[PDB]
C-alpha cells in the first residue's frame, strides 16, 4: 500500500478513547517544534487539507525546560483560555529559542503584554481555575499516549504521525506528505 502502519505513521497499541480528532503536542523549548511552526507551518497546512470545521487541538508539554517548561504550559493554557494563540505563538518561540530572552514566568508574561493582552487579563487568567483545568487537560492528553517526544500528532487516539518516514530534501514536499497523511488517517 502507499500508506502503511510503520512508515508514514504508527498505530497505538493502547488506543485512547474519546480523544480529539487531530491532537498535536509541542514545546516552546523543542527545536523541531520551532521548525514545524516557524519554517514549515505544519499545523496550518494540516488544517487546510481537513474537512472544514474539523477540530485541531494543540497542547504544550512539560517534559522539556524543567521549571520554565511547566510555566510555558500554564501560559499556553492562558493563551488558549483567551484565544490568543495566534498572537503569542511566534513571540514565545522566538523568546525561548531565538533571542533567548524568556528566562522566567515574568518574561513569558511580557510576551503577552507586548502582544496586547492587558496585565489584569493575563494575571486573572493565569491564576484561574479554568486555566488550572486546562493545564490538567493538556497533561492528561499527553499522559494518555505516554508522550516522551515532541513534536507529535495523533489522529483519533489511534494513529501517530511518523515524520521519520518522509522526505526532507524539500520543505514543501515534506509538509504536504505530512498533511496528506493526516488527511488519509482522518478518513480511515
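In this text, the rigid core denotes the largest set of C-alpha atoms whose superposition between the two forms falls within 1.5 Å. Residue numbers count along the first chain shown, from 1.
- In terms of root mean square C-alpha deviation after superposing on the rigid core in 5 other deposited structures of this protein, the stretch standing farther out between 160-168 and 173-181 is 160-168.
- Where the structures in 5 other deposited structures of this protein are fitted on the rigid core, 45-53 is the one of 115-123 and 45-53 whose C-alphas sit farther from the shown form on average.
- According to the PDB record, 110-118 carries the higher mean C-alpha B-factor of the two stretches 70-78 and 110-118.
- When the C-alpha B-factors of 50-58 and 153-161 are averaged, 50-58 comes out higher.
- Reading the B-factor column for the CA atoms of 179, 16, 173, 23 in the entry, the top value corresponds to 16.
- Among all modelled residues in this chain, the alpha-carbon of residue 146 has a temperature factor (C-alpha) in the highest third.
- Residue-level temperature factors show residue 37 in the middle third of its chain, judged at the C-alpha atom.
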